[PDB]
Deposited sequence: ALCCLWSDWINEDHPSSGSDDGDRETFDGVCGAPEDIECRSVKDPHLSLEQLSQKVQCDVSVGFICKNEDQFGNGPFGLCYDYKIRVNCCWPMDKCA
């Protein structure tokens, strides 16, 4: 069968850190090919993305991407929340 486990939280980028003007989280070095991914805001971790307001990308191919300019605001106001991810990874095991 397949034995699947959820990783610890990954939170290596932040909306006002680095040079990417956003928040990107990857599972490189954690799992080779996640079966699932969970992307959550740090300040409201119980809300799924379908319960959040921001424009983000969250999938098992690229991981998590939020770009600050995609968020609601006028002028320079408005940016990504800080997000964190878990990945669900499965191993072929007889668990």
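Within the chain's deposited sequence, the coordinate-free stretches run 95, 97 in sequence order.
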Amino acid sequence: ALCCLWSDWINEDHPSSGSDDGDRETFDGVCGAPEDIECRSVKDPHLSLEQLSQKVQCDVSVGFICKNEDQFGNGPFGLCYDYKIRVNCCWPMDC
From here on, numbers count along this sequence of modelled residues.
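Mean C-alpha B-factor is higher over 28-36 than over the other stretch, the pair under comparison being 28-36 and 65-73.
Ranked by C-alpha B-factor against the other modelled residues of its chain, residue 19 falls in the middle third. Among all modelled residues in this chain, the alpha-carbon of residue 58 has a temperature factor (C-alpha) in the lowest third.
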